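>>> Build me a model:
(chains A, B and C, ligands or ions: 4)
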Amino acid sequence: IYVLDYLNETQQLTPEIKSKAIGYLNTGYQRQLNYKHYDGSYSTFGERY
Amino acid sequence: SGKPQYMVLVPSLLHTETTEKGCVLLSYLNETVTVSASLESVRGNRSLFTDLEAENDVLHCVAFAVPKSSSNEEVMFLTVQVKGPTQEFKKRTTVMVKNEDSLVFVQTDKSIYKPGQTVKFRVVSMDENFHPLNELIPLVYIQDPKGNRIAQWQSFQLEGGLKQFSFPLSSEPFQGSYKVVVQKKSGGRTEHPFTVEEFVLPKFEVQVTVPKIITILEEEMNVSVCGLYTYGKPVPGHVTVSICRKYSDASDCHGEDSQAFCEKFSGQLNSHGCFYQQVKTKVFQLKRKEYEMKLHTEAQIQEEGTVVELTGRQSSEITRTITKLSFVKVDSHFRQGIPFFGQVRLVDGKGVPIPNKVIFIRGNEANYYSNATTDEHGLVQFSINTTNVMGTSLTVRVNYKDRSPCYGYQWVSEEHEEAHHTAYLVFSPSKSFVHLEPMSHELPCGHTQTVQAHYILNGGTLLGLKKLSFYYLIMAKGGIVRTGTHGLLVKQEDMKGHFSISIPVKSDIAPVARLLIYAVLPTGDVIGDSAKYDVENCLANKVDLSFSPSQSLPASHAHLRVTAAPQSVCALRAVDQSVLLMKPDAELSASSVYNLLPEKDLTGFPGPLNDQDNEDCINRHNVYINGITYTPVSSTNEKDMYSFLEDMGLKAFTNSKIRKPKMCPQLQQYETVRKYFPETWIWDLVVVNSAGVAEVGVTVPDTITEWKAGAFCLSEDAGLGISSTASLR
Amino acid sequence: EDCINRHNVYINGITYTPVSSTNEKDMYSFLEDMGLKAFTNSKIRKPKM
Ligand SMILES: *[C@@H]1O[C@H](CO)[C@@H](O)[C@H](O)[C@H]1NC(C)=O
Ligand SMILES: *[C@@H]1O[C@H](CO)[C@@H](O)[C@H](O)[C@H]1NC(C)=O
Ligand SMILES: *[C@@H]1O[C@H](CO)[C@@H](O)[C@H](O)[C@H]1NC(C)=O
Ligand SMILES: *[C@@H]1O[C@H](CO)[C@@H](O)[C@H](O)[C@H]1NC(C)=O
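Numbers count the residues shown, from 1 in each chain, chains lettered A, B, ... in the order given. Ligands and ions are numbered 1, 2, ... in the order given. Now the structure:
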């Protein structure tokens, strides 16, 4: 998640790979949309608890 | 006297913002010719209106260009309007426009890499011609095989038509091919991969040497086999090379011991050098029906006992064809005008035909039988006097046509090689032309080459004049390169067969030199044909490297002296040649960068070509002709007169007999890589002075092998330059 | 005497005219539709073989 804060701020890092990490996070946040709970909580897989 | 003859040859393939030649023929003077090629549009907007001044008996070729096309490619019906004062001619044809982009390539030190070091690479840019090109790019990115970009840099700009880099790498990759991507503004993509693996360095290696192909009739044979722990330590021990005809496609449902023949040979290893063994070819009895003699070895080491095994050349070579001859220079185009000279040799096993074996030269349907024999220095340089129709076909080893096909029942057939050729005619209704034998031999550069062209004039010249013109043109992968005008005071009614013709060779040509030469006649007929010649690799900025001569390890002081054109931005990849001797540089060379240039030659009709005609395409134009009949609209033949413009790649709008359409009615029928130290040695960029910049090279001691410099000079003062190979020990 | 393939000289100037014929009623036949034969220099030149 915090790879976002690492792209420009370092001045040494290779931001190509964290720019790809956000590409993975574009699926990660949908996984979180699928790992959410209806009431508002979070778990490994989601609701029905 | 004559007629009006205009013939404005045109290569349909275009190139944007780069010079493409356009010429025009005119002769046998009349009133006024100001022909103009205009891409026919509903309005004069897309029309590339190229009004060319056209006087008679001239070749002043004009390199008219075009701006960017709307799409990448497009079809536009183009007509040359023969702009007479009272005569206008129109024949449309679609133009194969193409928004051709400038070419770029990538350079890499190696492809294999050890996990953990820094991969460093270069990318280069040029244009249609072979000069640098500084140009921006949308993006570049190294790719990991999981569909993710492992490296990426953004919208850089080239400093000298190229740019270097240095990229890290994690020591845990997917051990496999990693790819680099580029995308131009139009979307041109280039590829250059690199593999990675934490490959163990084995301290053990073994090798078998056996001839690949071997005919029936041989006296003896050598097989060099040797197990050496680091490829440079000739060990003692004992080795045995065993070979066995087991079967051709054995099933082993039979379960019988598959071995049919077996010939075993054993010998103690040699301590100096790597061992040699002699085997004979008769003991095998390598008979026709007899089956696959697998070529394997077994090595046992004394004093250590760690007996590893290797199956080397294990799959043998079924030579179902024995005494396999071939062709050499079977003439590209048969013509009556000179005795053509096709050529044939023979290869067999080691590659030595029998000295002075007499051959059975039968070019049949001409009935000119004249046996010959292979000379020690010459091949068969033969000719057959044809006195017959277009249909001809030749062959040697012509005791038959088929062996004696009573049957094979697919059991097994006795096929030896026989070199049979079928040929066809220049569809020359004039029966007059020039035949040009091919220059398919060595061709050093930086000189001029007089071609040999021999011709005829059947029935003499019917009227002719004192002077008939014979121009010769070199198309070059979609465009012409040079001009040539020559003539000869034509004897009226007697045949002569010596024509002089020459052209210089430097550079700036397709890999094939598509010369053409034609016979402009006063009778509205013109006969010529293609003339292909090799283009050998010879570059603009010739450069030679030089080093402080080979001595011991610790002399870190050294030189890497390079001498090229006075100005260049040049690469200095002084590296090992171990990593080239284990794998030749098929990707990086002079001839490489020559043949990486795509669109080698867009010949004939391309796929995107849309049909073109005005009246000829009209099926069944069937009335009022003063002949026995009236047959296809096509110019159909294998070597028809317009097939020569087709094999060029150029069209024409001509009052003589040229064009045919396509759509319209035509008849038919009549594992693992052995490895040493991958530690790269030199990597830096410089800029040559005039006297030759002499960079002090560094010795990398504790590494003795063959060493190499994959240098690369690029410059707009002398074009690109490469020291393709120079040795350091 | 003549044949259909003969006269290997220049071709029609617009397209190539290879050799073929017609099924209509012919002149040499009109000698036979009379019911007789004759010997002539005027042209009866048409598909022999
Ligand atoms: C980039 O990172 C630096 C700190 O390394 C920060 O000062 C800057 O605001 C960041 N973004 C910009 C504007 O470059
Ligand atoms: C190859 O075998 C032939 C016949 O024994 C012999 O003349 C020749 O010296 C051999 N060469 C080697 C290198 O073994
Ligand atoms: C081969 O041709 C030569 C040249 O005419 C002739 O003398 C000789 O008899 C021929 N050889 C054979 C196969 O008889
Ligand atoms: C055979 O070669 C001769 C020259 O020796 C040439 O004049 C002739 O055209 C060729 N074929 C024939 C007989 O038509």
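
>>> What are the boundaries of the helices in chain A?
A:15-35 (DSSP state H).

>>> May I have the phi/psi pair for residue B:369?
phi -100, psi 120 (degrees, to the nearest 10).

>>> wait, isn't it in contact with residue B:362?
Yes. Between residue B:369 and residue B:362 there is a contact under Cβ atoms under 8 Å: 5.2 Å. (C-beta placed from N, C-alpha, C; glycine too.)

>>> For the two, work out which one has more neighbours and name it.
residue B:362 (19 against 12; other Cβ atoms under 10 Å in any protein chain shown).

>>> residue of chain A with the smallest distance to ligand 2?
residue A:14 (55.1 Å; Cβ to the nearest ligand atom).

>>> Skipping adjacent residues, who's closest to residue B:425 in space?
Of all residues beyond its chain neighbours, the one nearest residue B:425 is residue B:390 (3.4 Å), with distances taken as Cβ to Cβ, 6 or more residues apart in numbering or on different chains.

>>> got the contact list for the one you found?
In this structure, residue B:390 makes contact with B:424, B:425, B:427, B:637, judged by Cβ atoms under 8 Å, 6 or more residues apart in numbering or on different chains.

>>> who's in contact with the second one?
Yep, that's residue B:425 we're talking about. B:334, B:389, B:390, B:392, B:637, B:638, B:639.

>>> what's the distance between it and residue B:531?
Distance of residue B:425 to residue B:531, given as Cβ to Cβ, to the nearest Å: 17 Å.

>>> Give the burial count for the closest residue to ligand 4 within the stretch 551-700 of chain B, as a bare number.
Per Cβ to the nearest ligand atom, residue B:639 is where the stretch 551-700 of chain B lies closest to ligand 4, at 17.4 Å. Residues near residue B:639, counting by other Cβ under 10 Å, number 20.

>>> one step back: could you pull up phi and psi at the residue nearest to residue B:425?
Dihedral angles (degrees, to the nearest 10) for residue B:390: phi -50, psi -40.

>>> measure it to chain A for me?
Remark: distance between residue B:390 and chain A (Cβ to the nearest Cβ, to the nearest Å) = 64 Å.

>>> so how far is residue B:363 from the residue of chain B found nearest ligand 4?
As assessed by Cβ to the nearest ligand atom, ligand 4 sits closest to residue B:385 within chain B, at 3.7 Å. Using Cβ to Cβ, residue B:385 is found at 9 Å from residue B:363.

>>> Might you report the residue contacts of the residue of the stretch 551-700 of chain B closest to ligand 4?
B:333, B:424, B:425, B:426, B:427, B:529.

>>> rewinding a little: quick one: which two of the contacts of residue B:390 are the most distant?
B:424 and B:427 (8.8 Å; Cβ to Cβ).

>>> Could you name every residue contacting both of these two?
B:390, B:637, B:639.

>>> residues near residue B:163, how many?
19.

>>> List the residues that contact it.
Contacts of residue B:163 (Cβ under 8 Å, 6+ apart): B:122, B:123, B:156.

>>> Can you tell me which of these lies closest to residue B:283?
residue B:122 (55.8 Å).

>>> Am I right that the closest one is in a helix?
No. According to DSSP: H, G, I helix; E, B strand; the rest coil, residue B:122 belongs to no helix; its state is strand.

>>> now the closest residue to it other than its chain neighbours, what's its secondary structure?
Spatial nearest neighbour of residue B:122, excluding adjacent residues (Cβ to Cβ, 6+ apart): residue B:107 at 4.3 Å. At residue B:107 the chain is in strand, as set by three-state DSSP.

>>> Near ligand 4, which residues of chain B are found?
B:336, B:339, B:385, B:386, B:387 (Cβ under 6 Å from any ligand atom).

>>> quick one on the thing from earlier: what's the PyMOL syntax to select whichever of the contacts of residue B:425 are buried?
Selection of buried members from the contacts of residue B:425 for PyMOL, criterion 16 or more other Cβ atoms under 10 Å in any protein chain shown:
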select buried, chain B and resi 334+392+639
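
>>> Now distance to ligand 1 and secondary structure too, for the contacts of residue B:425, in JSON lines please.
Listed next are the contacts of residue B:425 as JSON lines, based on distance: Cβ to the nearest ligand atom, whole Å; DSSP: H, G, I helix; E, B strand; the rest coil:
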{"residue": "B:334", "distance to ligand 1": "73", "secondary structure": "coil"}
{"residue": "B:389", "distance to ligand 1": "82", "secondary structure": "coil"}
{"residue": "B:390", "distance to ligand 1": "77", "secondary structure": "coil"}
{"residue": "B:392", "distance to ligand 1": "78", "secondary structure": "strand"}
{"residue": "B:637", "distance to ligand 1": "70", "secondary structure": "coil"}
{"residue": "B:638", "distance to ligand 1": "68", "secondary structure": "coil"}
{"residue": "B:639", "distance to ligand 1": "69", "secondary structure": "strand"}
